[PDB]
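Working notes, structure below.
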Amino acid sequence: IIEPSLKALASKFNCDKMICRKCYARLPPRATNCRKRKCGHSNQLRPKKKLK
Amino acid sequence: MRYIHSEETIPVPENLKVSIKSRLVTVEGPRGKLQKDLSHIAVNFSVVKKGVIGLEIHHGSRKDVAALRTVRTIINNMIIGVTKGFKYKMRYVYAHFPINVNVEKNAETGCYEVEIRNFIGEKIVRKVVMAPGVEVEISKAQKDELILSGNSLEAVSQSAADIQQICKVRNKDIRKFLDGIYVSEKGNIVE
Amino acid sequence: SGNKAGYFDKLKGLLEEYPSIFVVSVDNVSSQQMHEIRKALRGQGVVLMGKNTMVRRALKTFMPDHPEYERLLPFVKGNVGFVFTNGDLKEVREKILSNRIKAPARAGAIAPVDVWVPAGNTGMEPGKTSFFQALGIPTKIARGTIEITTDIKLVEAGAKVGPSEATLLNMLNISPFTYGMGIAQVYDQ
Amino acid sequence: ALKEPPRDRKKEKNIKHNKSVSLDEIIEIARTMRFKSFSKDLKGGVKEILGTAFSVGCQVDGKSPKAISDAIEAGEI
RNA sequence: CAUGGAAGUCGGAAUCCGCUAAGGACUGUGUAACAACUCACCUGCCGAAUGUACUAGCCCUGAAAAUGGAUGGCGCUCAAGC
Ligand SMILES: [Zn+2]
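Residue numbers (PDB author numbering), protein chains in the order written: chain Lm, 77 to 128; chain LH, 1 to 15, 53 to 228; chain Ls, 5 to 193; chain LK, 84 to 160.
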């Protein structure tokens with residue numbers, strides 16, 4: 077098992093992210109535009125699917 | 001639209054000395070000395086008062102003015118580092134396989150080296166060498182901590198990111214396998 | 005800004021009718037505390053504080069109604085209130101000083117003075133001993149009551165109180181904070 | 084307590100809004116027990132508070148509990 | 001009203017008033033049920049701008065074919081481009 081606080085710390089780096097709908101890039105949680113250039117800085121973002 | 005005058009100021013405490058020549062900054066204080074080169078930016082440095090440094094840009098564009106604030110905070114970081122230092126902390130997160138590390142001493146030069154063994158039960162021994170001026174220690178306050186300290190934020194932070202990026206899980210669901218080493222706290226040596 | 009208009013006429017009307025004005029410097033005091041002193045002083049005097057009146061009292065200085073208003077302009081800095089009353093100076097000197105609450109710590113609150121737990125018997129249920137072991141305090145359970153054999157320093161003066169100790173301070177009814185009304189200099193007294 | 088007849092058991096499962104009561108000094112008489120617990124400048128404020136307190140009952144007939152309290156035309160005591 | 005228990009926060013149906021500058025019969029967390037906690041709202045510091053929705057100029061994404069290759073060539077960046 078993993079201590080609850082440590083699991084929260086690790087989740088920050090690989091669980092709480094936004095995903096662009098055009099190039100599947102990882103984005104910060106509060107982002108509004110993709111940073112990559114090949115998708116044209118699109119603003120069609122969705123949250124990263126949770127584990128359940 | 002070009003802005004005529006944009007100015008910023010940096011205070012300097014009465015403990053250290055600073056000298057600027059040909060856009061080459063040298064900062065020296067109680068805890069050591071650092072140098073940075075800013076020859077790629079057109080800035081005019083000046084001494085506003087007895088303990089205030091001024092810098093400004095004339096007839097700059099919107100893109101050019103943006104770099105003015107970037108320069109100000111970088112030099113302030115240099116002043117803090119030479120009088121207060123930096124300190125990073127890291128933690129180990131594992132489910133089944135314990136993670137063993139060995140911070141061996143100086144290898145006939147100033148660099149420190151960290152050895153990581155038994156990551157998710159693999160037979161690789163993986164080695165990373167820190168930048169000069171950075172010292173790595175095993176914490177005794179409590180279990181599973183790495184403490185990194187030094188004078189310059191750029192060297193301390195980049196070396197810390199090197200350790201985190203080397204422990205990666207491949208061909209697995211990363212929402213389930215949270216194994217790895219992560220950074221958890223940033224601060225100064227003093228206070 | 006309907007309530008904004010009601011402040012302008014209220015301030016000018018009340019200042020002229022009462023010849024005596026007393027200033028109070030209240031800061032970081034619980035809202036409920038103002039309720040009881042308002043109820044205690046409900047019969048005589050009304051207390052009312054709001055945002056700083058940068059030009060609202062200065063307008064009262066322009067006309068010659070009170071040449072002494074312009075003398076009181078620089079005294080306002082921030083979070084300072086005014087009291088309108090007709091009573092004597094001596095009776096209102098300590099009237100608003102009542103009901104100083106014993107504010108508990110807020111998980112990191114700076115203790116101005118060193119806090120110590122005198123030797124004694126807590127008397128509570130011995131199921132809470134896990135809280136004591138967090139600080140590593142030597143405790144012996146006697147008659148179902150946790151007893152501190154030797155005094156143990158909680159936190160040094162001027163140092164941040166530990167989150168476990170700050171919670172532990174609540175059930176011990178000891179805290180470094182006591183919140184009360186602050187009295188500022190009024191009319192060059 | 085001023086409710087329509089008895090609150091018989093097994094009848095409160097459905098809607099129980101049939102609690103209409105008259106609006107008179109009977110409610111005002113019950114206000115004297117509280118005696119304006121929080122200021123209210125004696126029973127004058129308490130009467131307005133107690134009068135509008137039973138907002139569910141909607142006072143009596145056409146009159147509403149809010150209108151009676153809003154209209155400052157009744158005697159203090 | 002509901003009820004082994006539901007105190008804003010299982011659920012069903014209404015949304016008033018005191019005191020104020022402000023705190024909702026409440027947007028969440030949370031208790032067997034209270035609590036604790038969050039939000040909303042107001043106050044202290046600062047010093048001049050700020051928010052949302054639309055129009056069209058240059059630039060970018062959309063833009064994948066077979067011998068080696070063509071603004072005529074070299075080359076050109078406050079142009080030697082518009
Ligand atoms: Zn994208």
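For every residue, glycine included, the Cβ atom is placed at its ideal position computed from N, Cα and C.
- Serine 98 of chain LH sits exposed, since fewer than 16 C-beta atoms from the chains shown fall within 10 Å of its C-beta.
- Sorted by chain position, residues whose beta-carbon lies closer than 6 Å to a non-hydrogen atom of ligand 1 are Lm:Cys96, Lm:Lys98, Lm:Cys99, Lm:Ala101, Lm:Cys110, Lm:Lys112, Lm:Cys115 and Lm:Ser118.
- Here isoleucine 175 of chain LH is exposed. Its C-beta has fewer than 16 other C-beta atoms within 10 Å.
- One Cα belongs to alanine 150 of chain LK, the other to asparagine 119 of chain Lm, and the distance between them is close to 54 Å.
- Excluding the 5 residues flanking it on each side, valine 173 of chain LH has same chain C-beta neighbours closer than 8 Å at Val140, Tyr149, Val151, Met167, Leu183, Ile184 and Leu185, in chain order.
- Per DSSP, the unbroken beta strand (DSSP E) holding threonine 143 of chain Ls starts and ends at 143–146.
- DSSP places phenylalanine 135 of chain Ls in the uninterrupted alpha helix (DSSP H) bounded by 133–139.
- When DSSP states are grouped into helix, strand and coil, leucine 15 of chain Ls belongs to the helix group.
- Spatial neighbours of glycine 88 of chain LH in its own chain (CB-CB distance under 8 Å, excluding positions within 5 residues in sequence) are listed in chain order as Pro11, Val12, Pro13 and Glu14.
- In the assembly as shown, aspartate 216 of chain LH is a buried residue. Its beta-carbon has 16 or more other beta-carbons within 10 Å.
- By the C-beta density criterion, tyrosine 125 of chain LH is buried, having at least 16 other C-beta atoms within 10 angstroms.
- Within the region 89–101 of chain Lm, contact with chain LH at the beta-carbon level (separation under 7 Å) is assigned to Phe89, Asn90 and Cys91.
- In this chain, the beta strand (DSSP E) harbouring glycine 224 of chain LH covers 217–224.
- Against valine 130 of chain LH, the close residues of chain Lm are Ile78, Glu79, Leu82, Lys83, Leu85 and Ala86, in the order they occur along the chain (beta-carbon pairs closer than 9 Å).
- Membership of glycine 69 of chain LH in the beta strand (DSSP E) is indicated by the continuous run 69–74.
- Within the region 195–209 of chain LH, no residue has a Cβ lying closer than 7 Å to any Cβ of chain Lm.
- Taking 8 Å as the cut-off, the Cβ atoms of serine 179 of chain Ls and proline 108 of chain Ls count as close.
- Taking a cut-off of 8 Å on C-beta distances, the region 130–139 of chain LH does not touch the region 113–120 of chain LH, as fewer than three cross pairs fall below it.
- Under the Cβ criterion of 8 Å, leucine 103 of chain Lm is not counted among the residues facing chain LH.
- For the C-beta of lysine 213 of chain LH, the chain Lm residues within less than 7 Å are, from N- to C-terminus, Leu127.
- Spanning the alpha carbons of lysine 119 of chain LK and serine 35 of chain Ls requires a straight line of approximately 21 Å.
- By the CB criterion at 8 Å, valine 227 of chain LH and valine 193 of chain LH fall outside the cutoff.
- The shortest C-alpha to C-alpha distance from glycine 49 of chain Ls to any of Ls:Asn32, Ls:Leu18, Ls:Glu72 and Ls:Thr57 is the one to Ls:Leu18.
- DSSP assignment within the region 88–135 of chain LK yields the following whole alpha helix (DSSP H) runs of 4 residues or more, N-terminal first: 108–117.
- Within the same chain, Cβ atoms closer than 7 Å to the Cβ of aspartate 31 of chain Ls are found at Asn83 and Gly186, the five residues on either side in sequence being excluded.
- A distance of 8 Å or more separates the beta carbons of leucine 53 of chain LH and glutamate 7 of chain LH.
- Between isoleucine 150 of chain Ls and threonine 171 of chain Ls, the CB-CB gap reaches or exceeds 8 Å.
- Ranked by Cα distance from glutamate 145 of chain LH, the options LH:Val162, LH:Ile136, LH:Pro169 and LH:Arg154 are led by LH:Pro169.
- Burial is judged here by how many other beta carbons sit within 10 angstroms of a residue's own beta carbon; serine 189 of chain LH has at least 16 and is buried.
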